[PDB]
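Comments concern the structure below.
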Amino acid sequence: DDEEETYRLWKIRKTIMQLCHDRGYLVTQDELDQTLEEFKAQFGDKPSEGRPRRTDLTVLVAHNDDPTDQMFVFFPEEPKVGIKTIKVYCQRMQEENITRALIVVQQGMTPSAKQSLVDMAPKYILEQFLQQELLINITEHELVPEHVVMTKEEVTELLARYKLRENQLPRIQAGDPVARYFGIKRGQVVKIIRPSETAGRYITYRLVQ
Amino acid sequence: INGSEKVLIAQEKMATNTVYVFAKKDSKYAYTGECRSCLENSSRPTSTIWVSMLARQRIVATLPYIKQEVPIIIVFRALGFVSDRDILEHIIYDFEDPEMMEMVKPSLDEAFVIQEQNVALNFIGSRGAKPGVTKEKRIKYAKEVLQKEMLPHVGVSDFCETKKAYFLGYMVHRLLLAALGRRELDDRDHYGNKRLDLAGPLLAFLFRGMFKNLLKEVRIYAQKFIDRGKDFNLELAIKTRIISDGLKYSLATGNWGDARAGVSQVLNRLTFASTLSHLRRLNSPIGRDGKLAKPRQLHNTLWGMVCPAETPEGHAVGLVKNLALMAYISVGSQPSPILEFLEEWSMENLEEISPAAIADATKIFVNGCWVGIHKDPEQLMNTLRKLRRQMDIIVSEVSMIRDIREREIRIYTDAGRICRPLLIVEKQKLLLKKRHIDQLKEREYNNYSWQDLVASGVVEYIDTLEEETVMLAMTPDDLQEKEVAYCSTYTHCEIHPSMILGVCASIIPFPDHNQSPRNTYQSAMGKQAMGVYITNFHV
Amino acid sequence: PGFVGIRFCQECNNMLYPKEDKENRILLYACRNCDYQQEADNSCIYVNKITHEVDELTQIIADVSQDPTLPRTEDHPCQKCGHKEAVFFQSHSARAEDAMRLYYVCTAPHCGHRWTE
Amino acid sequence: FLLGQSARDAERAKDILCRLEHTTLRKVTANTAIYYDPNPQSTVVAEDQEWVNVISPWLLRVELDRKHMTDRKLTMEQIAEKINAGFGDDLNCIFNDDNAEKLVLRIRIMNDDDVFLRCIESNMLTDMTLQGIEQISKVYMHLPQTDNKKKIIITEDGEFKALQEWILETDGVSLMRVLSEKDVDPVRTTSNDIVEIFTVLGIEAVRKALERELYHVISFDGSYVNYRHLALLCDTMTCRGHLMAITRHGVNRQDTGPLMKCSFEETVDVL
Amino acid sequence: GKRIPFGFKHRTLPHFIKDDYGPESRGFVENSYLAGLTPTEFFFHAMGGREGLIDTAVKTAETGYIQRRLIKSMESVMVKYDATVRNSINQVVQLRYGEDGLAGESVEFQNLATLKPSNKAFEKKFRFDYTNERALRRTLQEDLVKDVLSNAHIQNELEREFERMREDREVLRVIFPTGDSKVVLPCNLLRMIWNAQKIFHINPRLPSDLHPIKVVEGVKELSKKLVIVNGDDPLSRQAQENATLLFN
DNA sequence: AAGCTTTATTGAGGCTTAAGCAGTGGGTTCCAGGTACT
DNA sequence: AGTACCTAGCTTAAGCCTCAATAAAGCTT
Ligand SMILES: [Zn+2]
Ligand SMILES: [Zn+2]
């Protein structure tokens, strides 16, 4: 199909833009929520070997403050992306002066390239995402409460106020889909605001482990 | 025993020599067949043969003392049946129904490589409980397994090959029918599939092994005292402790072995009702603390056979049961007179038939083993009943069951079947006439007892198997008077509905007006009520 | 269509296997133990009815009319013999028993006619 | 939960149901058979569409029913396209138009083995996945009665209103794939499995989901338990990042102490 | 959960004809315990009772294993002296017990009046329209009536508290998307108000004599006195606000 | 030498196995037997 | 002979078995 493909691409674009906005990046308001028809006009309405193919919608976004860092997103052509294919992205990545980047794979990604992605984490950070993960903004789900990343000063204030260490906080998995959505690294407390039926509002904290 | 009163609680078990088709929905088998074959008066206990259909559709066989799933075609070739046509004749009785042939085709095509009986038997010997050394001493092991291990009830002899093959083909045919669903599956809780081991069978089972141990000790003694060149002393050869202390231990302790326990319990003597209830108690072999409910539920076949209300309300609900009032367990007799009678009539044996007339007639089963064919199922059940209404040859406890939907007719003479006496109903009339009551009121004068009424062809014992093929009325005053007809084809009539209760539930006044849990609780407490439990209590 | 039966060899009395003819382009059932060839009858060598269109009249036997445990009706006469009495029952089979279809068997002796309403 | 107009339309709900239920050809086919026709132009069946061809002499003749064909809202070409996509160019499919009730698919290979054509015949009746997703059985749809499932909206005058819209209820479990489907509410669509949510919606959503599910089973019979006890159990199972199952497999894997873990069912192995 | 199964070949008992789906044949009992049950019904009644006892006997073992797992999993979860919930290894499970710090004994089911009015109904019932003369005359004493009517600062404050109520009304609707207000809270405010009425012999027919500005000031002072989280830093202030958000 | 092919290669999907399975009283039976040596 | 001395289902991790990408190795033109 072709209309299904362009609808899927538009949904992925919408979810990626929402992820970048929630992550604290410069997202233009109309780009944050554009119509499917707008996307079709802007890209070509024929992903099946046509104008709105992959690598054309690689979205480059900077930070809201300190706009030096960017994670200009990638969309591999092939379903199963591999090491020799992510090395092209690495070459383009070193061509710039930034470190973070996101790739949106179609099918299951190879375990050797999975290890490779860890193999340059200190140098430049690479995140991967499957298509079905980016067809729904899970933060919009009613079961998912408001997750807010805390700064280091806020974490120190929290620990000094409650007189507890980083070990004693309840923790959250690094492979958590919410954590992956925010791209938070290990040792980064995330405050969570959820409504309580017995107190109204309850704010908890989850360190990354 | 040692001054202690011990009661052998009857332990039920799956009925031997009977083919059953079950569904192991969790395993890799869509439908599995089995038959716990055990020849009567055989010291060796039962050996279960499994024929199970693969779920994916080949058919394999789990033989005793063989650890691999032998294909059915391999076994049939190992029985001296090389031709595929002959094997299909022994399995499928019709050559005009292509569907079952197509369904069984993958199993036939599984083992077309093996075509010789020697090769089939060599494969039989492969991967056994006792592995073979070479082609030699493994051909004989497979022959021994096929001769004396699997299907012992069809005969253990050189000439029983064709009978054993016919029975295996019947088992495969029943499995195929279960797979197509033309015959419904078999229930593990239907009491027509169960037998009750009373004191007789239990003591016989103990005595088999115990006498075997005595013989082994005698053999050891003879070996010791022949090697010296002298003559052994037979009085010192047989030691009496190995044959008496074993019974004493098995009855005093309850450990049924040197296995399961609780077989022999201490007699309960708080109340005469309690004593009667402890002597009529059935114990399920199923273990306790099981989360399943089907072995504990009150199956429909428990009507009149076992008290529906009385059961221990603890962790053994439904498992431990109390026998009903008029329920009687068949003590079993020899089937030889029945076989002689069948051969007297126009019954054809399996060793003298063509495999073509098999499908157009009814197969005859005696104690499970398939004996032959009869062309006219009617006038055969009529004749057998007429003899059971006269006590000419067939004992009253023997039960004949004519499957009418499927052309089968089975006669059971086993020791352990549970039956109850029932009235016999002619066209629309009872056979209990007024003269029977007149002669029965004047007992101790006319010497007209219950056995005289049984020999009169008025009442007869019906077991669970025959209950599935009988139309049984509540009472004569309601179900023999012309109305808007319900069935108008009654065969038996219940003597009295109140006799479906046990000994402890029969003391409940108006038990139908209560709630069933209350009746169960009363039956439990009825054994605990104090009173004069025995007349000679002062001694 | 129709079902396909298993063909049998004539010499060793085994089951025949279908095969193709390379020169005449015809189907032939061939034995594997010995070498026996025969001219096939139909092109349909395999069939599979899955929608359970199972006619039940063939599976029903006339001997069931003798069963006292089945309900009788004086409401439906026999079509062949005209006997006014006939018994009725359900399908009594798995892969079935979803619809309450009655099957009638005439209880008159030596007729055994069966039908469905 | 359906997203928009489909929630208030039974016909659109049926379309979503057909797009979610796992539909194979076995659930759609009526009967199937293989033949040996070396001349496709003149088949043994002598039907009409044989001239569409104008390569193997043995073919696959499978006939489709009309009842299941209409209910699944499929077209004949869709099935052929799915087979062609799932089998490449090794297979050829010639279908039948809507001329008669007999829906015929004729399948031939590029030349292999009849047994292989039967081998793939058993390999098609299983898993083309004609409609819906995997790991799902028949899906039941209905209108809710309790306000928990009814769409509660706030009218412009501030008054609550209970809109009764069509809701779906599956018998399998697959989020992150159903939520991807069109006309499906990605916000309110909950689940019954807990492990599946943890893979999809994270750990904190499970703490809410387990709370609602545990409250559902407790309060089903009308009994009430305070929310304080519900919150603690849900939080202690999620205070480690992952699902802390209450067994020896989950309790005895956290650093609590050798005596705590040996106080549980497994004693010697812990100490 | 269903009718009596066909234990025999397509019949529940040998006494019914085969394939009999009628009420009596499948286990329906039309008699009562006073009239007594027929033997076929009595056995079918035993069918249901045996299922009940089997459930009772098996439930004990499976359930009994359950609480042991629950208790042994949470046999060290307690409330420390900083009102936090920590396990044996001092890992915080909840910052406050039950997300509010309130024990489960001294709470009652209460109804939130702010939830589920109409917008006009909410304004009609809570705004305290001070513009009407006669309504003020009937409700308040004349010295208080002219005090409210003359001063505009009091009128501004009464408008401001209603602004908080609309803010609260939106918050509740976000917290409770479902239109229900049966919520557990510690202090039964309606009862204590009714308790206060009977203690002080209100006779509510007469105009009242409390200044509404005292009500607003008293409530604000009371909210300050209800402290779940101590301290003055904004982190504790937010926790204190969230702990008593619903109650306030 | 850039690319194709091979070959270990290495992480990622499918099968057996322990190990648990609510609380208190009352009775019964059994715990060496077999040889050896005076 | 009497007695002292010798000899029924469950579930879930968990280890184990097999299978497909992949870069090193060596040909290949
Ligand atoms: Zn041949
Ligand atoms: Zn007729």
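In the structure tokens, each chain is lettered A, B, ... as it comes, each chain's residues begin at 1, and ligands are numbered from 1 in order of appearance.
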
If we count only C-alpha atoms (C1' of nucleotides) and set the cut-off at 8 Å, which residues sit around region 5-12 of chain G, ignoring sequence neighbours fewer than 2 positions away in its own chain? Please answer as number ranges by chain. B: 287, 290; D: 249

Residues up to 7 Å from ligand 2, counting only C-alpha atoms (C1' of nucleotides) and all ligand atoms: could you list those as an MDAnalysis selection string? chainID C and resid 78:83 106:108 111:113

Residues of chain C within 9 Å of chain E, using only C-alpha atoms, as a VMD selection string? chain C and resid 68 to 71 89 to 90 92

As a list in words, please: every protein or nucleic acid residue near ligand 1 (cut-off 12 Å, counting only C-alpha atoms (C1' of nucleotides) and all ligand atoms).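 Based on only C-alpha atoms (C1' of nucleotides) and all ligand atoms, ligand 1 is surrounded within 12 Å by residues 82, 83, 84, 85, 112 and 115 of chain B; 7, 8, 9, 10, 11, 12, 13, 14, 15, 16, 17, 29, 30, 31, 32, 33, 34, 35, 36, 37 and 38 of chain C.
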
Select all residues from chain E having any atom no more than 8 Å from an atom of chain F (counting only C-alpha atoms (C1' of nucleotides), ignoring ligands), output as a list in words. residues 60, 61, 62, 63, 64 and 65 of chain E

Between CA of residue 242 (chain E) and CA of residue 192 (chain E) lies a distance of 24.4 Å

Please determine the contact residues of chain A with respect to chain G at a cut-off of 10 Å, counting only C-alpha atoms (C1' of nucleotides), and supply them as JSON, numbers by chain. {"A": [82, 83, 110, 111, 112]}

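All residues of protein, DNA or RNA that reach within 7 Å of region 82-96 of chain E, judged by only C-alpha atoms (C1' of nucleotides) and not counting those fewer than 2 positions away in the chain, are residues 168, 169 and 170 of chain A; 235, 236, 239 and 256 of chain D; 76, 77, 78, 79, 80, 98, 99, 100 and 101 of chain E.
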
Would you give me, as a Markdown table, each residue of chain E having an atom within 8 Å of an atom of chain D, along with its shortest atom pair and that distance in Å to one decimal, using only C-alpha atoms and sorting by chain and residue number?
```
| residue | atom | partner | partner_atom | distance |
| --- | --- | --- | --- | --- |
| E:69 | CA | D:246 | CA | 6.3 |
| E:70 | CA | D:246 | CA | 7.0 |
| E:72 | CA | D:264 | CA | 6.7 |
| E:73 | CA | D:251 | CA | 6.4 |
| E:74 | CA | D:236 | CA | 7.9 |
| E:88 | CA | D:256 | CA | 6.9 |
| E:89 | CA | D:256 | CA | 6.5 |
| E:93 | CA | D:239 | CA | 6.2 |
| E:94 | CA | D:235 | CA | 7.5 |
| E:97 | CA | D:228 | CA | 7.3 |
| E:98 | CA | D:228 | CA | 4.4 |
| E:99 | CA | D:228 | CA | 7.8 |
| E:104 | CA | D:228 | CA | 7.0 |
| E:116 | CA | D:159 | CA | 6.3 |
| E:117 | CA | D:159 | CA | 6.2 |
| E:118 | CA | D:159 | CA | 4.8 |
| E:119 | CA | D:158 | CA | 4.9 |
| E:120 | CA | D:157 | CA | 7.3 |
| E:177 | CA | D:152 | CA | 7.0 |
| E:178 | CA | D:152 | CA | 6.2 |
| E:179 | CA | D:160 | CA | 6.2 |
```

Take the residues from that selection and put them in a file with N, CA and C atoms, as a PDB file, in the first residue's frame.
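Output (out-v3.pdb):
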```
ATOM      1  N   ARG E  69       2.602 -15.228  51.304  1.00  0.00           N
ATOM      2  CA  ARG E  69       3.464 -14.547  50.346  1.00  0.00           C
ATOM      3  C   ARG E  69       3.368 -13.036  50.504  1.00  0.00           C
ATOM      4  N   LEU E  70       2.154 -12.516  50.687  1.00  0.00           N
ATOM      5  CA  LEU E  70       1.987 -11.075  50.830  1.00  0.00           C
ATOM      6  C   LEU E  70       2.672 -10.558  52.085  1.00  0.00           C
ATOM      7  N   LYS E  72       5.072 -11.977  54.036  1.00  0.00           N
ATOM      8  CA  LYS E  72       6.520 -12.140  53.998  1.00  0.00           C
ATOM      9  C   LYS E  72       7.175 -11.192  53.007  1.00  0.00           C
ATOM     10  N   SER E  73       6.439 -10.747  51.988  1.00  0.00           N
ATOM     11  CA  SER E  73       6.981  -9.761  51.062  1.00  0.00           C
ATOM     12  C   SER E  73       7.004  -8.368  51.674  1.00  0.00           C
ATOM     13  N   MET E  74       6.099  -8.086  52.604  1.00  0.00           N
ATOM     14  CA  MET E  74       5.955  -6.756  53.188  1.00  0.00           C
ATOM     15  C   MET E  74       5.927  -6.835  54.706  1.00  0.00           C
ATOM     16  N   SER E  88      12.868  -2.486  54.992  1.00  0.00           N
ATOM     17  CA  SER E  88      13.915  -2.821  55.949  1.00  0.00           C
ATOM     18  C   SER E  88      15.250  -2.186  55.587  1.00  0.00           C
ATOM     19  N   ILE E  89      15.474  -1.893  54.309  1.00  0.00           N
ATOM     20  CA  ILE E  89      16.770  -1.405  53.853  1.00  0.00           C
ATOM     21  C   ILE E  89      16.693   0.092  53.591  1.00  0.00           C
ATOM     22  N   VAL E  93       9.421   3.717  49.881  1.00  0.00           N
ATOM     23  CA  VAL E  93       8.380   3.195  49.006  1.00  0.00           C
ATOM     24  C   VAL E  93       7.371   4.276  48.657  1.00  0.00           C
ATOM     25  N   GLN E  94       6.913   5.014  49.662  1.00  0.00           N
ATOM     26  CA  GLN E  94       6.064   6.175  49.467  1.00  0.00           C
ATOM     27  C   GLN E  94       6.603   7.322  50.305  1.00  0.00           C
ATOM     28  N   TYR E  97       2.600   8.015  53.681  1.00  0.00           N
ATOM     29  CA  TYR E  97       1.798   6.799  53.725  1.00  0.00           C
ATOM     30  C   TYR E  97       0.481   7.017  52.995  1.00  0.00           C
ATOM     31  N   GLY E  98       0.155   6.100  52.089  1.00  0.00           N
ATOM     32  CA  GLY E  98      -1.054   6.234  51.300  1.00  0.00           C
ATOM     33  C   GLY E  98      -1.093   7.493  50.466  1.00  0.00           C
ATOM     34  N   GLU E  99       0.069   8.026  50.097  1.00  0.00           N
ATOM     35  CA  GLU E  99       0.235   9.240  49.305  1.00  0.00           C
ATOM     36  C   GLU E  99      -0.309  10.481  50.001  1.00  0.00           C
ATOM     37  N   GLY E 104      -5.690   4.822  58.008  1.00  0.00           N
ATOM     38  CA  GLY E 104      -6.897   4.282  57.424  1.00  0.00           C
ATOM     39  C   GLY E 104      -8.057   4.083  58.373  1.00  0.00           C
ATOM     40  N   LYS E 116     -19.611  17.695  39.966  1.00  0.00           N
ATOM     41  CA  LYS E 116     -20.898  17.432  39.326  1.00  0.00           C
ATOM     42  C   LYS E 116     -22.023  18.429  39.607  1.00  0.00           C
ATOM     43  N   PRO E 117     -21.785  19.752  39.613  1.00  0.00           N
ATOM     44  CA  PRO E 117     -22.884  20.670  39.299  1.00  0.00           C
ATOM     45  C   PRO E 117     -22.810  21.103  37.847  1.00  0.00           C
ATOM     46  N   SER E 118     -23.806  21.844  37.374  1.00  0.00           N
ATOM     47  CA  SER E 118     -23.626  22.590  36.143  1.00  0.00           C
ATOM     48  C   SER E 118     -22.831  23.860  36.441  1.00  0.00           C
ATOM     49  N   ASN E 119     -22.358  24.523  35.385  1.00  0.00           N
ATOM     50  CA  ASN E 119     -21.610  25.759  35.590  1.00  0.00           C
ATOM     51  C   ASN E 119     -22.483  26.828  36.233  1.00  0.00           C
ATOM     52  N   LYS E 120     -23.729  26.963  35.774  1.00  0.00           N
ATOM     53  CA  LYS E 120     -24.642  27.897  36.418  1.00  0.00           C
ATOM     54  C   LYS E 120     -25.047  27.415  37.804  1.00  0.00           C
ATOM     55  N   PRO E 177     -11.930  12.037  36.214  1.00  0.00           N
ATOM     56  CA  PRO E 177     -12.648  12.079  34.933  1.00  0.00           C
ATOM     57  C   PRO E 177     -14.014  11.428  35.010  1.00  0.00           C
ATOM     58  N   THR E 178     -14.176  10.414  35.853  1.00  0.00           N
ATOM     59  CA  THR E 178     -15.471   9.786  36.051  1.00  0.00           C
ATOM     60  C   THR E 178     -16.330  10.663  36.952  1.00  0.00           C
ATOM     61  N   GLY E 179     -17.603  10.804  36.598  1.00  0.00           N
ATOM     62  CA  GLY E 179     -18.505  11.637  37.365  1.00  0.00           C
ATOM     63  C   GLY E 179     -18.964  10.999  38.660  1.00  0.00           C
TER      64      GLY E 179
END
```

Strand (DSSP E) residues, from DSSP on the backbone, in region 28-106 of chain B, as a PyMOL selection string: chain B and resi 29-37+47-54+59-62+70-71

Dump as a short mmCIF file (atom, residue, chain, number, x, y, z; two decimals), in the first residue's frame, selection limited to N, CA and C atoms:
```
data_model
loop_
_atom_site.label_atom_id
_atom_site.label_comp_id
_atom_site.auth_asym_id
_atom_site.auth_seq_id
_atom_site.Cartn_x
_atom_site.Cartn_y
_atom_site.Cartn_z
N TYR B 29 0.15 -34.76 21.90
CA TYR B 29 -0.78 -35.73 21.34
C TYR B 29 -2.18 -35.14 21.34
N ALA B 30 -2.82 -35.14 20.17
CA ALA B 30 -4.19 -34.64 20.08
C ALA B 30 -5.16 -35.58 20.79
N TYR B 31 -5.05 -36.87 20.51
CA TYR B 31 -5.89 -37.88 21.15
C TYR B 31 -5.02 -39.07 21.51
N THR B 32 -5.15 -39.54 22.75
CA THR B 32 -4.38 -40.67 23.24
C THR B 32 -5.33 -41.79 23.65
N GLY B 33 -5.04 -43.00 23.19
CA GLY B 33 -5.77 -44.16 23.63
C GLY B 33 -4.96 -45.01 24.59
N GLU B 34 -5.66 -45.74 25.45
CA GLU B 34 -4.99 -46.59 26.41
C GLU B 34 -5.89 -47.75 26.80
N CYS B 35 -5.27 -48.80 27.33
CA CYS B 35 -6.01 -49.96 27.82
C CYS B 35 -5.13 -50.65 28.86
N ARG B 36 -5.48 -50.50 30.13
CA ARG B 36 -4.72 -51.11 31.22
C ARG B 36 -5.03 -52.61 31.22
N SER B 37 -4.37 -53.32 30.31
CA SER B 37 -4.63 -54.73 30.12
C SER B 37 -4.04 -55.54 31.27
N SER B 47 -0.37 -53.89 32.57
CA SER B 47 0.63 -53.22 31.74
C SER B 47 -0.14 -52.35 30.75
N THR B 48 -0.05 -51.04 30.92
CA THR B 48 -0.84 -50.11 30.12
C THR B 48 -0.17 -49.89 28.77
N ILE B 49 -0.93 -50.06 27.70
CA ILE B 49 -0.46 -49.78 26.34
C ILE B 49 -1.13 -48.50 25.87
N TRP B 50 -0.32 -47.57 25.38
CA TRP B 50 -0.81 -46.29 24.88
C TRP B 50 -0.69 -46.24 23.36
N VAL B 51 -1.78 -45.85 22.71
CA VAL B 51 -1.79 -45.54 21.29
C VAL B 51 -2.28 -44.11 21.18
N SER B 52 -1.39 -43.20 20.81
CA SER B 52 -1.67 -41.78 20.88
C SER B 52 -1.43 -41.13 19.53
N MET B 53 -2.34 -40.24 19.16
CA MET B 53 -2.29 -39.58 17.87
C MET B 53 -1.52 -38.28 17.98
N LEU B 54 -0.58 -38.09 17.06
CA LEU B 54 0.24 -36.89 17.06
C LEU B 54 -0.58 -35.68 16.65
N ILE B 59 0.48 -41.83 13.98
CA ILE B 59 0.00 -42.58 15.14
C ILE B 59 1.17 -43.38 15.69
N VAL B 60 1.42 -43.23 16.99
CA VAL B 60 2.52 -43.96 17.63
C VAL B 60 1.96 -44.82 18.75
N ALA B 61 2.79 -45.75 19.25
CA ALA B 61 2.39 -46.65 20.32
C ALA B 61 3.45 -46.63 21.41
N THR B 62 3.01 -46.48 22.65
CA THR B 62 3.90 -46.54 23.80
C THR B 62 3.76 -47.92 24.44
N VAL B 70 6.95 -46.16 19.32
CA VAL B 70 6.98 -47.03 18.14
C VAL B 70 5.78 -46.71 17.26
N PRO B 71 5.96 -46.54 15.96
CA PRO B 71 4.81 -46.36 15.07
C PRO B 71 3.94 -47.61 15.03
#
```

Nearest candidate to chain F (options B:89, B:438, B:158, B:289; using only C-alpha atoms (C1' of nucleotides)):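 The closest residue to chain F is B:289.
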
Distance query residue 30 (chain A) at most 12 Å, only C-alpha atoms (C1' of nucleotides), self and fewer than 5 positions along chain excluded, as a list in words: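 Counting only C-alpha atoms (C1' of nucleotides), the residues come to residues 14, 17, 18, 35, 38 and 39 of chain A.
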